[PDB]
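# Reading the structure
Residues per chain are reported as follows:
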Amino acid sequence: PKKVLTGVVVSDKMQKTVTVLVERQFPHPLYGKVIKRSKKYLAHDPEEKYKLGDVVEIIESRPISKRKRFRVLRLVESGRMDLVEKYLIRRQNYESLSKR
Amino acid sequence: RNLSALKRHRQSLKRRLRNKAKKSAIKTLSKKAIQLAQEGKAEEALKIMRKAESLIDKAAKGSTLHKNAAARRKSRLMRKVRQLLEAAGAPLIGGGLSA
Amino acid sequence: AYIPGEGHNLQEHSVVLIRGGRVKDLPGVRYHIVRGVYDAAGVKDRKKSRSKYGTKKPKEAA
Amino acid sequence: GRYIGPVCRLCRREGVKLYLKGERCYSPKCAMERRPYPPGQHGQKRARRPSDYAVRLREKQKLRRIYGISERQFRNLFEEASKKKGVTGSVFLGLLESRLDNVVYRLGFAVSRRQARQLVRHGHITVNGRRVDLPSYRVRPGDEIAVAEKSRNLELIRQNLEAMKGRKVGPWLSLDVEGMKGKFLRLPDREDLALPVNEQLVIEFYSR
Amino acid sequence: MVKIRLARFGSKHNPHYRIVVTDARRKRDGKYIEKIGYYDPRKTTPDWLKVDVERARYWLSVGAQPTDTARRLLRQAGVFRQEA
RNA sequence: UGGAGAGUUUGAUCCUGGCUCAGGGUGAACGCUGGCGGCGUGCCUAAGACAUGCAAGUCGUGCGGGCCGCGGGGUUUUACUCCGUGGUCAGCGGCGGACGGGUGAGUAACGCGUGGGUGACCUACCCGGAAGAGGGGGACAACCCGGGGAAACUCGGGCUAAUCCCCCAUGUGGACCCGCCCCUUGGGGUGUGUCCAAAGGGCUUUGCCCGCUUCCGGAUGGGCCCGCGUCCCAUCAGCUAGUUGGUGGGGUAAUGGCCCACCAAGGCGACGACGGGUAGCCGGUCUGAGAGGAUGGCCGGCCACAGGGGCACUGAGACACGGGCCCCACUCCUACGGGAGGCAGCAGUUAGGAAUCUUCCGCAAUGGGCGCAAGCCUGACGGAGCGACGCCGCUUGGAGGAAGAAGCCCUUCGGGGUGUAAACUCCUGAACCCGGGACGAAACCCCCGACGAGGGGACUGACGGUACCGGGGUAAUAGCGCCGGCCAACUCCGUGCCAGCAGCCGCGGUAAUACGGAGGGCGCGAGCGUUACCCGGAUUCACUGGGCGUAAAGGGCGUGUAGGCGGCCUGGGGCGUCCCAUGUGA
Ligand SMILES: [Mg+2]
Ligand SMILES: [Mg+2]
Ligand SMILES: [Mg+2]
Ligand SMILES: [Mg+2]
Ligand SMILES: [Mg+2]
Ligand SMILES: [Mg+2]
Ligand SMILES: [Mg+2]
Ligand SMILES: [Mg+2]
Ligand SMILES: [Mg+2]
Ligand SMILES: [Mg+2]
Ligand SMILES: [Mg+2]
Ligand SMILES: [Mg+2]
Ligand SMILES: [Mg+2]
Ligand SMILES: [Mg+2]
Ligand SMILES: [Mg+2]
Ligand SMILES: [Mg+2]
Ligand SMILES: [Mg+2]
Ligand SMILES: [Mg+2]
Ligand SMILES: [Mg+2]
Ligand SMILES: [Mg+2]
Ligand SMILES: [Mg+2]
Ligand SMILES: [Mg+2]
Ligand SMILES: [Mg+2]
Ligand SMILES: [Mg+2]
Ligand SMILES: [Mg+2]
Ligand SMILES: [Mg+2]
Ligand SMILES: [Mg+2]
Ligand SMILES: [Mg+2]
Ligand SMILES: [Mg+2]
Ligand SMILES: [Mg+2]
Ligand SMILES: [Mg+2]
Ligand SMILES: [Mg+2]
Ligand SMILES: [Mg+2]
Ligand SMILES: [Mg+2]
Ligand SMILES: [Mg+2]
Ligand SMILES: [Mg+2]
Ligand SMILES: [Mg+2]
Ligand SMILES: [Mg+2]
Ligand SMILES: [Mg+2]
Ligand SMILES: [Mg+2]
Ligand SMILES: [Mg+2]
Ligand SMILES: [Mg+2]
Ligand SMILES: [Mg+2]
Ligand SMILES: [Mg+2]
Ligand SMILES: [Mg+2]
Ligand SMILES: [Mg+2]
Ligand SMILES: [Mg+2]
Ligand SMILES: [Mg+2]
Ligand SMILES: [Mg+2]
Ligand SMILES: [Mg+2]
Ligand SMILES: [Mg+2]
Ligand SMILES: [Mg+2]
Ligand SMILES: [Mg+2]
Ligand SMILES: [Mg+2]
Ligand SMILES: [Mg+2]
Ligand SMILES: [Mg+2]
Ligand SMILES: [Mg+2]
Ligand SMILES: [Mg+2]
Ligand SMILES: [Mg+2]
Ligand SMILES: [Mg+2]
Ligand SMILES: [Mg+2]
Ligand SMILES: [Mg+2]
Ligand SMILES: [Mg+2]
Ligand SMILES: [Mg+2]
Ligand SMILES: [Mg+2]
Ligand SMILES: [Mg+2]
Ligand SMILES: [Mg+2]
Ligand SMILES: [Mg+2]
Ligand SMILES: [Mg+2]
Ligand SMILES: [Mg+2]
Ligand SMILES: [Mg+2]
Ligand SMILES: [Mg+2]
Ligand SMILES: [Mg+2]
Ligand SMILES: [Mg+2]
Ligand SMILES: [Mg+2]
Ligand SMILES: [Mg+2]
Ligand SMILES: [Mg+2]
Ligand SMILES: [Mg+2]
Ligand SMILES: [Mg+2]
Ligand SMILES: [Mg+2]
Ligand SMILES: [Mg+2]
Ligand SMILES: [Mg+2]
Ligand SMILES: [Mg+2]
Ligand SMILES: [Mg+2]
Ligand SMILES: [Mg+2]
Ligand SMILES: [Mg+2]
Ligand SMILES: [Mg+2]
Ligand SMILES: [Mg+2]
Ligand SMILES: [Mg+2]
Ligand SMILES: [Mg+2]
Ligand SMILES: [Mg+2]
Ligand SMILES: [Mg+2]
Ligand SMILES: [Mg+2]
Ligand SMILES: [Mg+2]
Ligand SMILES: [Mg+2]
Ligand SMILES: [Mg+2]
Ligand SMILES: [Mg+2]
Ligand SMILES: [Mg+2]
Ligand SMILES: [Mg+2]
Ligand SMILES: [Mg+2]
Ligand SMILES: [Mg+2]
Ligand SMILES: [Mg+2]
Ligand SMILES: [Mg+2]
Ligand SMILES: [Mg+2]
Ligand SMILES: [Zn+2]
């Protein structure tokens, strides 16, 4: 079946495109502690309707463009800019780790 | 100090020079319709476009063009001409177009 | 490189083969020399452990 | 190949009769009723408390030297035996006895194991009616071991079979003395044959 | 085209061909599509041949292709007798 | 159903802790030694350079010529074209040359592994279903003539064949534009317009067969995309301009920023981006109680490369090892007047190296291509050849034989040991000699039945007269390591911190079981040792399974970011987690 994922939107600065940030919990293969992950996808949004904070879903699709092989499915609960907070801080703090 | 299958190449040239010449035609000829359908002449153009359609679909009897190729050509061809003539022009001969 | 046994025939431009394995008493030397190879002749009159010392089996009686 | 040379010396290196000779290793001594002490210049000298290792080494050599079989072929068995389940130790001697040259010694066709090899080797032995010149051959239930026609004579066979009258065969064997045929009935448990060898010590020696 | 042929096994001076369906452009001892029996050109076994006729003719209904030597067995195996 | 420990820090103790050994493994190598067979396996280094040969051709059931034959058309001088059969050699056309073989360089990446997507696609030969195969033209080799060359050869002028090329017709059907219908990412269908096909050759011919043509399915083989997994250095911390998204085109079997325009300014990174280093990945393999650790060599799947790079052609499929063009380097021929070549194919040569083979036989078998079929090619493959490289099997013999010779050892000079060992007496008797001798082969093909089914008949063996069978038939290679402790095996002499051993602890200073020889013993055996490397022991990176007061180890102290963790009751959700079922895990 076509892969289906649930993630949130953090970008829409692309004409017709949004960036969705996904997560996945799974045990460590050697230490078994339930850990989280992350992967930013480039979601295809022709009728640019979805915005930031939109906890939405996506489906495996034919190649739209290089780097862009995911269409948007449905909304799951918009108005959640709180998750977009801890994500924004992370990249925010990456200017404090500079080896300079 | 070789093999006689060097033919294949010695032949493959003809096939090359054959469907190369066949193709240079389609290009310059697919132009005629484009230029015309761009400038009103629906009648004279929609006879070059039928022809074009020929050379294209005709080509599919060999190893020149094949598969969805001739289909992709027209698909973009007899769709581009209809859009051009759509601006003024006014149809004259559907001879190739199920309008 | 260490030269094992009693008496050798190695001059300046002698060819040779390395073995590997240190001496200890001799700091800064972690390689032995294989006997009876190239320009390294085995120990002459060797009767015991001939596998090393590259000495071949001698003749018994006649 | 196999071992060759002084054997009565082994008879007394382990400090036990093992009847590797025919009459002699079975007559008044394996050269031991004379000298029941270890070979070599240091024979009549007291021994040092043998270490737990040397004990298992000795108790092993003993067993292997009994069947007179190389350390090659030997350990191969223990591993095959050890591979199995149950007890292995018991299973071990099972695979030892199943040898062709062994069956022959038991079935009195020969007096010594080393004599039994020469037989099998030269082709003067049979199995279900086949020329089996391979002492390594492993035997199973119901296998018939007889002599070949070209050999069903020889002034040496009649003697061996004849001596076998006035003697019995293992609870896992059966000999048709008058016919030159025998049978391997079953695999002889540890009980079916007693020996100066504590297997369990041989098991330990292999788990270095 | 897809063929049905012999694939050497066993050892040297001791054949044990596997009869199987695979592409003709594969190595004779390569990855096959489906195994359907074997054969011992030495006759040193009661089971010196075996075929799954139900599964064999199927590839024939889809358009297989046996060797000139694989035929022999296939025909001499009772898979060609049209019957009625 | 699976787990052993030992040596070394002190005068001694306990602990910590490192070094060391016993174990198994290897595409190995080196020393000493070396008899047989079988089955494996053998350039790990210079993906350095290669003489010679071989490794892909085939069809006269597509065409015309070549001479040669060949039975032989028929007549104005060495035969004639007439025939057919051929035999064919080249030329034209068809199919394969994209499979099969080698290599591991490159690649840290959708390359691979595992699970899915394509309503975004191709697929020759093969199978099944429907429809067709109507006519009309033409070209280039061959061939004759001409030029240049040493060659490669080359150009030039003029004829000719077809399953070669062209045009028209026919359309069962297919293709595309628009509307419409259903579905719904370009899937199916509908209507209308326009476009699209063909090939004949052989006959026990007048009927079959071998093919041609378009379509819808089958099958097989793919391409593309996606989720998860995939090493070392943060002493590499910031990276990016086609860069990220868009629009519209070009492009392909088709998605895609793949490519190109323009629009916007995005895209990536401590969940480690970018960068350097190493590496082909998996099935597996080695070790380990396990979890793990190490590994990817033979065999199998995938990828990549074919002297270094670039490129496109042909084609169903290649950007193609034994095909082409260009640049580079290297090398070879030459009458130098100019051209040729690509072993990481099979063998072999050369260099490099501690080191890795026959310039063998055969298409008999199996597989592959071509063909109606005989039949043809096949360094794929089947075998043989060389190397104790490995595992396995086998031999150098067996019984008897002394209170136990000689010799050599010790010795308290009484004696002890080598030692049933030998000798010696009988017994068998591997090798060798003679005869016999294969399984591996059956089909294709041929006759009968219709070439279907069936039955019957016939052909062919490289290995090789080899395995094996009979009988004759000779007592017939034994070497290597160790014997201070770990660790199995002790004495004499020589030596005197010298010569020397040595994995660790340590041995040698005139009494050395530790050096060197001898006697003797322990351990293995066509092997025994050594070196190197991987796992083990090491629980010594500790997930299973450890520590930080003094043994190595708590940040100098706070505040706080991200992050990890979180109290009692109840409900929705059921992500984690758990059961069952099913597919996949060849
Ligand atoms: Mg056609
Ligand atoms: Mg093409
Ligand atoms: Mg058990
Ligand atoms: Mg063990
Ligand atoms: Mg393939
Ligand atoms: Mg047949
Ligand atoms: Mg200790
Ligand atoms: Mg101290
Ligand atoms: Mg001390
Ligand atoms: Mg320690
Ligand atoms: Mg080791
Ligand atoms: Mg390697
Ligand atoms: Mg080389
Ligand atoms: Mg070089
Ligand atoms: Mg012919
Ligand atoms: Mg190829
Ligand atoms: Mg290949
Ligand atoms: Mg090779
Ligand atoms: Mg190979
Ligand atoms: Mg990199
Ligand atoms: Mg990286
Ligand atoms: Mg001329
Ligand atoms: Mg001309
Ligand atoms: Mg004509
Ligand atoms: Mg037409
Ligand atoms: Mg549609
Ligand atoms: Mg026609
Ligand atoms: Mg003809
Ligand atoms: Mg591919
Ligand atoms: Mg586009
Ligand atoms: Mg292509
Ligand atoms: Mg695009
Ligand atoms: Mg597009
Ligand atoms: Mg642009
Ligand atoms: Mg940090
Ligand atoms: Mg991440
Ligand atoms: Mg890191
Ligand atoms: Mg790099
Ligand atoms: Mg590499
Ligand atoms: Mg693995
Ligand atoms: Mg394994
Ligand atoms: Mg285990
Ligand atoms: Mg494991
Ligand atoms: Mg790996
Ligand atoms: Mg290799
Ligand atoms: Mg391989
Ligand atoms: Mg090269
Ligand atoms: Mg393909
Ligand atoms: Mg090629
Ligand atoms: Mg090329
Ligand atoms: Mg390629
Ligand atoms: Mg080549
Ligand atoms: Mg050459
Ligand atoms: Mg070669
Ligand atoms: Mg070579
Ligand atoms: Mg050299
Ligand atoms: Mg070979
Ligand atoms: Mg062949
Ligand atoms: Mg064949
Ligand atoms: Mg044929
Ligand atoms: Mg040839
Ligand atoms: Mg050949
Ligand atoms: Mg071969
Ligand atoms: Mg051998
Ligand atoms: Mg050697
Ligand atoms: Mg004595
Ligand atoms: Mg004596
Ligand atoms: Mg004797
Ligand atoms: Mg005799
Ligand atoms: Mg004969
Ligand atoms: Mg034939
Ligand atoms: Mg028949
Ligand atoms: Mg027959
Ligand atoms: Mg013979
Ligand atoms: Mg004989
Ligand atoms: Mg003798
Ligand atoms: Mg030893
Ligand atoms: Mg030891
Ligand atoms: Mg000891
Ligand atoms: Mg000293
Ligand atoms: Mg001193
Ligand atoms: Mg020594
Ligand atoms: Mg002294
Ligand atoms: Mg002293
Ligand atoms: Mg020592
Ligand atoms: Mg000594
Ligand atoms: Mg000794
Ligand atoms: Mg001794
Ligand atoms: Mg070795
Ligand atoms: Mg172990
Ligand atoms: Mg832990
Ligand atoms: Mg600790
Ligand atoms: Mg603490
Ligand atoms: Mg201190
Ligand atoms: Mg401290
Ligand atoms: Mg503190
Ligand atoms: Mg602190
Ligand atoms: Mg500080
Ligand atoms: Mg602090
Ligand atoms: Mg917090
Ligand atoms: Mg929390
Ligand atoms: Mg809680
Ligand atoms: Mg809840
Ligand atoms: Mg399951
Ligand atoms: Zn005795």
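Residues numbered from 1 in each chain as written, not as in the entry; some residues may be left out. Chains lettered and ligands numbered in written order. Part of a larger assembly, values for the part shown. Heavy atoms only, no water.

## Overview of the UniProt feature "domain: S4 RNA-binding" in chain D
Which entries qualify depends on this criterion: UniProt positions are given in the numbering used here, feature names are shortened, and annotations may be inferred rather than shown by experiment. Working definition: helices are DSSP H or I runs of at least four residues, strands are E runs of at least two. Numbering for both runs from the N terminus.
Here, the residues flagged by UniProt with the feature "domain: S4 RNA-binding" are residues 98-160 of chain D. Between the end C-alpha atoms of residues 98-160 of chain D there is a gap of 21 Å, over a span that is 33% helix and 13% strand.

## Digging into the domain arrangement of chain D
All names here are of chain D. The test is simple: These domain limits were set by an automatic method or by a database of domain assignments. Contact between two residues is taken to exist if any of their heavy atoms lie within 4.5 Å; hydrogens are not considered. Buried area is calculated as the accessible area (1.4 Å probe) missing from two parts once they are joined, with the contributions of both summed. The salt bridge definition used is simple: a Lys or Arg side-chain nitrogen within 4 Å of an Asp or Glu carboxyl oxygen. In protein, a polar contact requires one atom able to donate a hydrogen and another able to accept it; more generally it is a pair of N or O atoms within 3.5 Å, and residues adjacent in sequence count only if both atoms are side-chain atoms.
Split into domains, chain D comes out as domain 1 (1-96 + 194-208) and domain 2 (97-193). Taking only C-alpha atoms, the centre of domain 1 and the centre of domain 2 are 23 Å apart. In this assembly, 23 residues from domain 1 lie in contact with 18 residues from domain 2. Between domain 1 and domain 2, a total of about 1700 Å² is buried, with carbon and sulfur atoms accounting for 43% of that surface. Three residues stand out in domain 1 for area buried against domain 2, namely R2, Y67 and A194, and they jointly supply 28% of the buried area on that side. At the boundary of domain 1 with domain 2, the tally comes to two salt bridges. For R190, the salt bridge goes to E199, with nearest N and O atoms at 3.4 Å. Remark: the boundary between domain 1 and domain 2 carries seven residue pairs in polar contact. Ranked by residues supplied to the side of domain 1 that touches domain 2, first place goes to helix 4 (residues 89-97) with five residues.

## Some points on helix 3 (residues 71-83) of chain D
Residue and element names in this part refer to chain D. Stated precisely, the cut-off is as follows: By definition here, a helix of n residues has an expected span of 1.5 Å times n minus one. Only protein chains enter the accessibility calculation, which uses a 1.4 Å probe; a residue is then buried when its area is under 20% of its type maximum, exposed when over 50%, and partly exposed in between. Think of the arc as the fan of directions from the helix axis to the C-beta atoms.
The end-to-end C-alpha separation of helix 3 is 18 Å, in line with the 18 Å expected for 13 residues at 1.5 Å each. Of all the residues in helix 3, the buried ones are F74, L77, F78 and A81. Angular distribution of buried residues about the axis of helix 3 spans 95°; they occupy a single face of the element. Projecting away from the buried face of helix 3 at angles above 90 degrees are the exposed residues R72, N76 and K83. The inward-facing, buried residues of helix 3 contact helix 2 (52-67), helix 4 and helix 8 (199-206).

## Comments concerning the sheet that holds strand 2 (residues 18-23) of chain E
Residue and element names in this part refer to chain E. Basically, it comes down to this: Whether two strands pair comes down to DSSP finding at least two bridges between them. Interaxial angle, 0 to 180 degrees, is taken between N-to-C directions of lines fitted to C-alpha atoms, where a helix line uses only the stretch in contact.
Taken in spatial order, the three strands of this open sheet run 1-2-3, and their pairing is antiparallel. In the strand order of this sheet, the two ends are held by strand 1 (2-7) and strand 3 (34-38), each with one partner. On average, each strand axis in the sheet is tilted by 30° relative to the strand beside it, whichever way the strands run. As paired strands, strand 2 and strand 3 are joined by three bridges and run antiparallel to one another. Paired with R18 across the strands is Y38, a residue of strand 3.

## Let's talk about the sheet that holds strand 6 (residues 56-65) of chain A
Residue and element names in this part refer to chain A. Around the barrel, which closes on itself, the five strands sit in the order 1-2-5-7-6 with mixed pairing between neighbours. Neighbour to neighbour, the strand axes of the sheet diverge by 50° on average, direction disregarded. The pairing of strand 1 (residues 4-14) with strand 2 (residues 17-22) spans five bridges and is classified as antiparallel. Bridge pairing links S11 to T19 in strand 2.

## Re a positive patch on the surface
Residue and element names in this part refer to chain B. Just so we agree on the cut-off: Within this analysis, patches are made of residues with over 30% relative accessible area and no salt bridge. Like charges are joined at 9 Å or less; nonpolar side chains (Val, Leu, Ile, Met, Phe, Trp, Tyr) at 5 Å or less. Shrake-Rupley sampling with a 1.4 Å probe provides the accessible areas, and residues are treated as covered by the protein chains on show and by no other component. Working convention for charge: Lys and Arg count positive, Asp and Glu count negative, and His plus the chain ends are omitted. Here the site of a charge means atom NZ of a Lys, CZ of an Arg, CG of an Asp or CD of a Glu.
Taken together, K7, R8, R10, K14, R15, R18, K22, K51, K58 and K61 make up a surface patch of like positive charges. Counting residues per element, the ones that place at least two in the positive patch are helix 1 (7-38) and helix 2 (42-59). Take the positive patch: its biggest share by element is seven residues, from helix 1.

## Brief notes about the protein's contact with RNA strand F
The criterion, for reference: Any residue with at least one heavy atom within 4 Å of a molecule or strand is counted as near it. All amino acids are sorted into three groups, where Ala, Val, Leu, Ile, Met, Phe, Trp, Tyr, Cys and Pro are nonpolar, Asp, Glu, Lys and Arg are charged, and the leftover types, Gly among them, are polar.
The environment of RNA strand F is made up of 199 residues, and the closest members are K7, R50, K61 and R79 of chain B together with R72 of chain D. In RNA strand F, the atoms that sit within 4 Å of the protein are 80% sugar and phosphate, with bases accounting for the remainder. In the environment of RNA strand F, a sugar or linking oxygen lies 3.3 Å from a nitrogen or oxygen atom belonging to the side chain of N93 of chain A. At a separation of 3.1 Å, a phosphate oxygen of RNA strand F approaches a polar side-chain atom of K67 of chain B. The element that contributes the greatest number of residues to the surface near RNA strand F is helix 1 of chain B, accounting for 11 residues. Considering only residue class, the surface near RNA strand F consists of 51 nonpolar, 55 polar and 93 charged.

## Overview of the side chain of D143 of chain D
Residues and elements named next belong to chain D. Tracing the sequence through the fold places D143 in strand 3 (residues 143-146). One buried charge, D143, has no salt-bridge partner; the nearest side chain with opposite charge is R140, at 4.3 Å. Leave out the neighbours within four places in its chain, and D143 touches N128, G182, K183 and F184.

## Here's the deal with the packing of aromatic side chains
Let me state the cut-off plainly: For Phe, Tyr and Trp, where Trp contributes only its six-membered ring, two rings pair if their centres lie within 6.5 Å, and the inter-plane angle classes them as stacked under 30 degrees, edge-to-face over 60, or tilted in between. Whether a charge lies above a ring is judged from NZ of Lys or CZ of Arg, which has to be within 6 Å of the ring centre and within 35 degrees of the ring normal.
Within the structure shown, the criterion is met by eight aromatic pairs over all chains. Ring geometry for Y41 of chain A and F70 of chain A: centres 4.9 Å apart, planes at 45°, overall tilted. With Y41 of chain A in strand 5 (residues 39-44) and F70 of chain A in strand 7 (residues 68-75), this residue pair connects regions lying 29 residues apart in the sequence. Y41 of chain A gets classed as buried once you look at its relative accessible area, which sits at 18%. Here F78 of chain D and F92 of chain D contribute two aromatic rings whose centre-to-centre distance is 5.3 Å and whose plane-to-plane angle is 85°, an arrangement assigned as edge-to-face. You can see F78 of chain D sitting in helix 3 and its partner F92 of chain D sitting in helix 4, a full 14 residues away along the chain. Among the residues examined, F78 of chain D registers a relative accessible area of 5% and is labelled buried. Owing to a relative accessible area of 2%, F92 of chain D belongs among the buried residues under this scheme. These aromatic residues form a ring-pair network of at least three members: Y53, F74, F78, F92, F205 and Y206 of chain D. Cation over ring: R12 of chain D sits above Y37 of chain D, and NZ or CZ is 5.7 Å from the ring centre.

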